[PDB]
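*Asks:* Residue numbers (the entry's author numbering), protein chains in the order written: chain t, 17 to 303, 313 to 346; chain o, 25 to 51; chain k, 12 to 96; chain J, 18 to 23, 32 to 42, 48 to 72, 78 to 94, 111 to 127, 132 to 152; chain N, 44 to 57, 69 to 133, 147 to 251; chain 4, 65 to 101; chain l, 61 to 81, 84 to 94, 101 to 133; chain r, 35 to 41, 47 to 196; chain I, 36 to 196.
Sharing a structure with you now.
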RNA sequence: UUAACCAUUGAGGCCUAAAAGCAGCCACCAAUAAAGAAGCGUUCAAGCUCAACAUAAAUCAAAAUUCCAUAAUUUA
Ligand SMILES: Nc1nc2c(ncn2[C@@H]2O[C@H](COP(=O)(O)OP(=O)(O)NP(=O)(O)O)[C@@H](O)[C@H]2O)c(=O)[nH]1
Ligand code: FES
Ligand SMILES: [Zn+2]
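Here is the structure:
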């Protein structure tokens with residue numbers, strides 16, 4: 017849903033000397049808002065991604081002025097954000113009837129001025145619908161997010177046994193007795209830091225930016241996860257999660273979020289769950314300000330215990346904002 | 025467009041007669 | 012899917028090389044692991060006995076042929092049909 | 018399926042069915063900085084002579116200085136001709152660095 | 044290996071010219087593999103670019119090199148729109164060489180030849196020698212007593228009424244701008 | 065099946081046949097590789 | 061490095077036990101690609117390099133495809 | 035000739056096969072056809088010669104077993120198709136499965152059929168005098184056969 | 036574009052076409068030409084010497100079928116055999132046959148069958164050789180000669196005792 | 001002309017942790033009966049496995065009213 021598109025502006029028609037006059041401005045590319053469904057059409061149908069515009073007609077005898085060129089248009093999903101190849105946001109077609117001069121048609125060739133012809137501008141433009149889910153799932157590897165999504169919905173999520181798995185987030189809409197559908201997407205387990213784009217990186221972390229709220233899975237087994245030798249406690253993991261989120265974007269931390277305890281089935285996990293109750297809330301033996318939303322519910326995905334309880338809390342927060 | 029068998033045979037006959045004319049004109 | 016595979020031949024007699032080649036192909040550990048149910052065995056003697064091959068199945072079907080007039084490809088192809096059952 | 022290259034997370038298959051402490055313990059049994067060919071087979080475990088890559092860098112290297120490590124190669132390229140492994144490291148030696 | 048292995052650029056701006075057997079560029083000079091013109095045609099600058107770009111990209115500077123065997127466009131054309152380089156059948160348009168076998172350069176040379184304005188072929192030194200040997204062998208062992216030259220030169224059958232003066236020199240191998248190889 | 069003037073194999077698995085008066089290159093692994101003369 | 065050129069040497073095991081444990087006598091005195105031209109046809113190494121060139125000749129044609 | 039018999048126990052029994060007639064007229068002939076001076080003197084009608092290279096169900100035998108040269112293999116193979124299509128080999132029919140029967144149509148008499156009848160398109164536009172579209176008769180592989188007519192045979196009808 | 040040629044001119048071309056000479060008998064059907072003299076590559080000469088050298092040095096030569104085992108896996112068995120100071124030899128038997136044709140060993144041709152490994156040593160550790168064969172179950176033994184005496188597997192096993 | 005086979009290290013280094021025949025660039029590499037790294041795989045190494053060993057054989061020539069003589073391969 018983060019495809020890319022190249023375009024080329026029409027070239028300017030060359031003028032006709034001895035008072036023939038100007039040449040038609042080359043055709044320009046205007047991305048035009050239409051039915052939101054067009055995104056599937058754009059990426060798949062008309063696979064050639066180069067949108068080119070007709071160059072303006074050359075000035076003819078009798079001093080005919082140029083035809084002004086033939087424009088080109090891109091139907092796009094509503095709510096799309098138009099960004100440059102470099103990632104700079106040119107604009108967003110948030111509303112309908114929102115055309116954008118993405119590419120510039122070649123300046124009309126004029127013999128009287130300095131330049132006889134002029135070629136049209138061509139560029140790479142990213143047009144992307146990064147998943148705008150109602151809430152998003154952010155967790156470290158082996159958290160259990162895919163398993164959590166597996167049971168709430170019927171999505172057959174890829175289960176990440178090892179890190180760097182489930183690279184593409186899987187969108188799942190959660191049905192409710194109220195007939196309200198809530199879209200939840202599970203991205204892959206993220207590494208510590210990632211401000212330098214290490215490993216998985218923060219490239220997929222733009223998907224969370226779109227999501228209105230954040231869902232935090234907290235694997236109890238992750239507590240004191242030896243790994244190479246970080247041995248991160250869940251308390252540490254949350255602190256790292258808050259810190260890394262702030263570095264990537266300050267607003268991400270401010271955005272509404274919920275907490276989802278995982279892997280509480282084991283009796284030791286229940287003892288750790290009491291430790292989880294201890295960690296955060298009241299001050300502990302700390303090893313900046315950080316945020317605790319307190320929308321934390323104790324559940325175990327593998328046993329499917331307490332899953333129904335969490336569902337309610339999520340909907341309450343959603344209906345609120 | 026090919027050339028018939030009659031046409032190619034008859035010319036060779038004429039060539040042979042003309043070939044002899046070359047010889048008798050050399051003495 | 013084979014209970015046991017038995018190959019028998021007499022080396023110095025220069026009668027059949029196909030039996031040995033079929034033994035050589037069987038020797039390839041590749042398939043030996045695929046049909047882990049069977050333990051390959053090779054035996055040789057000096058008698059004037061034509062080379063023979065015996066295949067045993069759990070169901071009790073025994074497939075026996077001799078290499079004197081059998082080329083390695085045939086038996087192999089014959090085996091494949093029999094394995095399907 | 019040796020991971021030859023000049032614990033639980035590295036060896037998760039082992040859990041399904048030590049080298050972490052053996053690695054740092056062997057890191058003492060090897061030089062701290064020179065690479066080593068990890069003979070962590072796939078599941079017997081072993082490791083021997085280090086690699087010539089960093090050996091030249093920290094030393111470049113004289114004939115006396117290289118024949119001594121050739122004995123380290125002899126200690127465990133299991134091919135019998137020790138002269139051959141000398142050419143082996145030599146072949147890598149010119150290419151490496 | 045020549046330092047300027049890659050083909051040089053060609054300047055865009057500096069009936070019988072293509073109607074007979076060639077007398078220039080008919081012999082390998084430095085390279086071993088070259089493209090042989092099998093017909094008479096005009097090579098405009100567009101063809102020159104295709105040869106230059108295609109050959110240069112593929113050739114390896116370390117082991118391969120190429121040179122031009124024809125002059126740049128010099129003949130005026132009017133509707147002075149552009150200049151075309153004339154070529155005669157038998158000319159070597161471009162020559163390649165280096166520590167490579169013919170088979171390596173066969174594909175590129177044949178592909179380039181196909182897009183030339185006139186029929187052409189990729190021939191090494193051996194192949195060009197073989198072609199000439201076959202031509203001479205065919206003439207010597209021909210079992211047809213009559214040949215075009217003898218009939219035309221001797222004016223047998225009153226033939227010269229239907230022949231052009233140039234026909235006697237060509238001897239029927241060449242008709243118009245086309246070359247007939249098998250025709251002895 | 066594209067009807068082209070020249071038929072050329074595009075992969076190792078591609079094979080050639082002469083069916084119903086025409087030449088075909090048929091590839092089981094990649095059906096895109098199918099061509100008819 | 062001053063140490064490595066002395067008895068201290070990278071060649072001798074620098075293990076925690078070895079710790080860089084020199085003289086020509088201490089090491090095999092006898093020990094103290102190629103050019104096909106020098107090599108002789110029969111000689112095993114000749115064929116090796118020539119076949120390397122033949123394989124490279126195959127690679128030469130093979131690489132192009 | 036070895037035949038495989040099944041019983047499971049399967050065995051192949053070798054049986055003696057008739058041998059070539061002794062004393063070929065032209066010894067030192069590499070290929071079998073040339074040994075008997077038959078290089079350019081057989082056509083599709085010569086079933087007695089052709090049948091010797093045919094499997095019991097009408098297939099051609101491999102070149103290696105027969106020993107024929109490539110040029111004569113191609114010629115022998117082509118004539119057999121024409122012999123099959125001309126209904127000259129009634130006992131070498133295909134081994135149709137027991138669940139199948141002949142197409143049951145009446146059979147049109149043919150001879151000198153170059154191509155398989157199934158895949159030949161009709162000539163709707165035949166063309167005028169020096170434009171005629173020609174109907175192929177015979178096989179080009181046999182052009183080099185000895186001809187007893189005033190001029191070469193008319194391949195295109 | 037083609038320009039039509041006067042009929043008379045076309046008739047001239049039709050009659051002046053090249054006619055090639057035809058042979059009475061195709062060269063193929065005729066008896067094959069005498070073989071061009073072949074040459075022996077230096078490797079073959081050295082290879083011949085190698086087969087002669089191994090026979091001269093090694094008193095016992097036994098024949099064990101080949102299995103084309105992976106090189107490193109083959110080295111594993113070779114390493115075990117090297118620990119027992121027994122060596123493995125493989126040769127392009129096409130050059131081996133000439134020697135066997137005319138040598139002290141002439142009845143071992145049947146034992147040699149294509150992909151058959153060779154056993155060579157200086158000591159007749161035949162009992163250990165059978166023991167090393169038991170390492171690989173399927174690996175069979177065809178026969179050969181031990182201490183210059185030609186014998187089959189059953190005799191070798193009896194000879195082992 | 002492909003036959004149906006077989007593929008042996010110190011990861012060669014360095015610029016991208018480190019780059020494996022093989023990110024990239026330069027060496028153009030290691031013993032052996034015998035193998036340089038060919039596609040390609042690989043974050044790089046996963047390795048799917050080409051050439052070796054080891055086995056057997058192997059470039060051309062006659063669209064628009066309604067199809068339009070009929071037919072025909074061998075007698076000197
Ligand atoms: N004991 C226990 N195991 C669980 C629980 N939830 C998930 N797991 C286990 O965790 C294993 C590892 O994969 P998992 O963490 O579920 O996948 P993921 O959510 O996609 N991980 P990632 O965070 O990297 O995207 C699963 O195979 C599953 O058995 C739980 O509540 N309790
Ligand atoms: S003419 Fe002798 S092989 Fe046929
Ligand atoms: Zn294909």
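Cβ atoms here follow ideal geometry from the backbone N, Cα and C, with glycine treated the same way.
#1: Which residues in the same chain have their Cβ closer than 6 Å to the Cβ of residue 251 (chain t), if we skip the five residues on either side of it in sequence?
#2: Using C-beta distances below 8 Å, list every residue in its chain close to residue 78 (chain r), excluding the 5 sequence neighbours before and after it, in chain order.
#3: For the alpha helix (DSSP H) that residue 229 (chain N) lies in, which residues bound it at each end?
#4: Note down the Cα distance separating residue 186 (chain t) from residue 152 (chain t), rounded to an integer number of angstroms.
#5: Going by CA-CA distance only, name the one from 138 (chain J), 120 (chain J), 151 (chain J) and 114 (chain J) that's closest to residue 86 (chain l).
#6: Quick check for students: name the residue ranges of the beta strand (DSSP E) that lie wholly in the stretch 186 to 249 of chain N, counting only runs of 3 or more.
#7: Does DSSP put residue 53 (chain J) in a helix, a strand or coil?
#8: Taking residue 100 (chain 4) as the query, report the chain r residues whose CB atoms sit under 8 Å from its CB, ordered along the chain.
#9: Measuring CB to CB, does residue 22 (chain k) end up less than 8 Å from residue 178 (chain I)?
#10: Express the C-alpha separation of residue 161 (chain I) and residue 195 (chain I) in angstroms, rounding to a whole number.
#11: Output the distance between the C-alpha atoms of residue 119 (chain I) and residue 151 (chain I), rounded to the nearest integer angstrom.
#12: Just to check my reading of the structure: residue 125 (chain I) and residue 153 (chain I) have Cβ atoms closer than 8 Å, yes? What is that Cβ distance to the nearest angstrom?
#13: Among the residues of its own chain, which have a CB less than 6 Å from the CB of residue 208 (chain t), if the five just before and after it don't count?
#14: Under the criterion of a Cβ to heavy atom distance below 7 Å, does residue 72 (chain r) qualify as lining ligand 2?
#15: Quick check: what's the CA-CA separation for residue 186 (chain N) versus residue 80 (chain I)?
#16: Compare the beta carbon distance of residue 24 (chain k) and residue 148 (chain I) with 8 Å and say whether it is the shorter of the two.
#17: For ligand 1, is there a heavy atom less than 7 Å away from the beta-carbon of residue 272 (chain t)?
#18: Does the Cβ of residue 91 (chain r) lie closer than 7 Å to at least one heavy atom of ligand 2?
#19: How long is the line joining the alpha carbons of residue 292 (chain t) and residue 259 (chain t), rounded to whole angstroms?
#20: How many Å lie between residue 123 (chain l) and residue 114 (chain l) at the Cα?
#21: Give me the pocket residues for ligand 3, defined as CB within less than 7 Å of any heavy atom, sorted by chain position.
#22: Taking all protein chains shown into account, decide if residue 87 (chain r) is buried (16 or more other Cβ within 10 angstroms of its Cβ) or exposed.
#23: Roughly how many angstroms lie between the CA atoms of residue 81 (chain r) and residue 184 (chain r), to the nearest whole one?
#24: Could you pull the start and end residues of the alpha helix (DSSP H) that residue 193 (chain I) belongs to?
#25: So, is residue 53 (chain t) buried or exposed, given that buried needs 16 or more other C-beta atoms within 10 angstroms?
#26: Taking the alpha-carbon positions, what's the residue 169 (chain t) to residue 239 (chain t) distance?
#27: Measure the alpha-carbon distance for residue 326 (chain t) versus residue 281 (chain t) and round it to whole angstroms.
#28: Just checking: is the beta-carbon of residue 42 (chain o) within a distance shorter than 8 Å of some beta-carbon in chain N?
#29: Using only alpha-carbon positions, find the residue among 173 (chain I), 98 (chain I), 58 (chain I) and 72 (chain I) that is nearest to residue 39 (chain k).
#30: Whose Cβ in chain N lies nearer than 8 Å to the Cβ of residue 129 (chain l)?
#31: Show which residues of chain k have a CB atom less than 9 Å away from the CB atom of residue 172 (chain I).
#32: State the CB to CB distance for the pair residue 86 (chain t) and residue 43 (chain t), rounded to an integer number of angstroms; the pair is presumed to be in contact (CB under 8 Å).
#33: Mapping DSSP to helix, strand and coil, what is residue 48 (chain o)?
#34: Taking the CB atoms as reference points, tell me whether residue 139 (chain t) and residue 112 (chain t) lie closer together than 8 Å.
#35: Where residue 27 (chain o) and residue 210 (chain N) are concerned, what is the direct C-alpha to C-alpha distance, given to the nearest angstrom?
#36: Taking the runs of the beta strand (DSSP E) that are 3 residues or longer, which of them lie wholly in the stretch 213 to 260 of chain t?
*Replies:* Based on what the coordinates show:
#1: Position 235 of the first chain, counted from the start, is the residue given in the question as residue 251 (chain t). For residue 251 (chain t), where only same-chain residues beyond five positions count, the Cβ hits under 6 Å are 295.
#2: On the eighth chain, position 39 is the one that residue 78 (chain r) refers to. Contacts found: 72 and 111.
#3: The residue you call residue 229 (chain N) lines up with position 162 of the fifth chain. Taken as a continuous stretch (DSSP letters only), residue 229 (chain N) belongs to no alpha helix (DSSP H), as it is neither H nor E.
#4: Here residue 186 (chain t) corresponds to residue number 170 of the first chain, with the count starting at 1. Here residue 152 (chain t) corresponds to residue number 136 of the first chain, with the count starting at 1. Residue 186 (chain t) and residue 152 (chain t): Cα-Cα distance of roughly 10 Å.
#5: As a working note, residue 86 (chain l) is residue 24 in the seventh chain. Closest option to residue 86 (chain l), Cα to Cα, is 114 (chain J).
#6: 187 to 191
#7: Within the fourth chain, the letter at position 23 stands for residue 53 (chain J). Reduced to three states, the DSSP call for residue 53 (chain J) is helix.
#8: What you label residue 100 (chain 4) is simply residue 36 of the sixth chain in a count that begins at 1. Residues of chain r passing the Cβ test: none, with the nearest at roughly 13 Å.
#9: Here the question's residue 22 (chain k) lines up with position 11 in the third chain. Here the question's residue 178 (chain I) lines up with position 143 in the ninth chain. Closer than 8 Å, so yes.
#10: Residue numbering aside, residue 195 (chain I) sits at position 160 when the ninth chain is read from its first letter. Residue numbering aside, residue 161 (chain I) sits at position 126 when the ninth chain is read from its first letter. Rounded to whole angstroms, residue 195 (chain I) to residue 161 (chain I) spans 5 Å at the Cα level.
#11: One-based indexing of the ninth chain puts residue 119 (chain I) at position 84. One-based indexing of the ninth chain puts residue 151 (chain I) at position 116. When rounded, the distance between both Cα atoms is 21 Å.
#12: Within the ninth chain, the letter at position 90 stands for residue 125 (chain I). Within the ninth chain, the letter at position 118 stands for residue 153 (chain I). The pair is a contact, with the Cβ atoms about 7 Å apart (cut-off 8 Å).
#13: Counting from 1 along the first chain, the entry for residue 208 (chain t) is found at position 192. 256, listed in sequence order.
#14: What you label residue 72 (chain r) is simply residue 33 of the eighth chain in a count that begins at 1. Residue 72 (chain r): yes, Cβ under 7 Å from ligand 2.
#15: Here residue 186 (chain N) is taken as the residue at index 119 of the fifth chain, counted from 1. Here residue 80 (chain I) is taken as the residue at index 45 of the ninth chain, counted from 1. Computed Cα separation, rounded: 51 Å.
#16: Walking along the third chain from the start, residue 24 (chain k) turns up at place 13. Walking along the ninth chain from the start, residue 148 (chain I) turns up at place 113. Cβ atoms of residue 24 (chain k) and residue 148 (chain I): not closer than 8 Å.
#17: For the purposes of this step, residue 272 (chain t) is taken as residue 256 along the first chain, with counting starting at 1. For ligand 1, not one heavy atom lies less than 7 Å from the Cβ of residue 272 (chain t).
#18: Along the eighth chain, read from residue 1 onward, the residue named residue 91 (chain r) stands at position 52. Answer for residue 91 (chain r): no, Cβ out of range of ligand 2.
#19: Against the first chain, residue 292 (chain t) aligns to sequence position 276. Against the first chain, residue 259 (chain t) aligns to sequence position 243. Rounded to the nearest angstrom, the two C-alpha atoms are 19 Å apart.
#20: Your numbering for residue 123 (chain l) matches position 55 in the seventh chain. Your numbering for residue 114 (chain l) matches position 46 in the seventh chain. Each residue's alpha carbon lies about 13 Å from the other.
#21: 74 (chain 4), 75 (chain 4), 77 (chain 4), 78 (chain 4), 91 (chain 4), 93 (chain 4), 94 (chain 4) and 97 (chain 4)
#22: Against the eighth chain, residue 87 (chain r) aligns to sequence position 48. With fewer than 16 other Cβ atoms within 10 Å, it is exposed.
#23: Along the eighth chain, read from residue 1 onward, the residue named residue 81 (chain r) stands at position 42. Along the eighth chain, read from residue 1 onward, the residue named residue 184 (chain r) stands at position 145. Roughly 8 Å separates the two Cα atoms.
#24: Here the question's residue 193 (chain I) lines up with position 158 in the ninth chain. Run containing residue 193 (chain I): 188 to 195, per the alpha helix (DSSP H) assignment.
#25: The sequence position of residue 53 (chain t) within the first chain is 37, counting from 1. Exposed: under 16 other Cβ atoms inside 10 Å.
#26: Sequence index remark: in the first chain, residue 169 (chain t) carries index 153 (1-based). Sequence index remark: in the first chain, residue 239 (chain t) carries index 223 (1-based). Whole-angstrom Cα-Cα distance: 27 Å.
#27: Within the first chain, numbered from 1, the residue matching residue 326 (chain t) stands at position 301. Within the first chain, numbered from 1, the residue matching residue 281 (chain t) stands at position 265. Near 9 Å, if we compare the C-alpha coordinates of residue 281 (chain t) and residue 326 (chain t).
#28: Sequence index remark: in the second chain, residue 42 (chain o) carries index 18 (1-based). Output row for residue 42 (chain o): interface = yes.
#29: Counting from 1 along the third chain, the entry for residue 39 (chain k) is found at position 28. That would be 173 (chain I), whose Cα lies nearest to the Cα of residue 39 (chain k).
#30: Counted from its first residue, the seventh chain places residue 129 (chain l) at position 61. What residue 129 (chain l) touches in chain N: 168, 170 and 171.
#31: On the ninth chain, position 137 is the one that residue 172 (chain I) refers to. Under the 9 Å cutoff, chain k gives 50, 51, 52 and 53.
#32: On the first chain, position 70 is the one that residue 86 (chain t) refers to. On the first chain, position 27 is the one that residue 43 (chain t) refers to. That pair is a contact at about 5 Å.
#33: Residue numbering aside, residue 48 (chain o) sits at position 24 when the second chain is read from its first letter. Residue 48 (chain o) falls in the helix class under three-state DSSP.
#34: Here residue 139 (chain t) is taken as the residue at index 123 of the first chain, counted from 1. Here residue 112 (chain t) is taken as the residue at index 96 of the first chain, counted from 1. Result no, Cβ atoms of residue 139 (chain t) and residue 112 (chain t) do not sit closer than 8 Å.
#35: Position 3 of the second chain, counting from 1, holds the residue named residue 27 (chain o). Position 143 of the fifth chain, counting from 1, holds the residue named residue 210 (chain N). Cα to Cα, residue 27 (chain o) sits roughly 20 Å from residue 210 (chain N).
#36: 229 to 235
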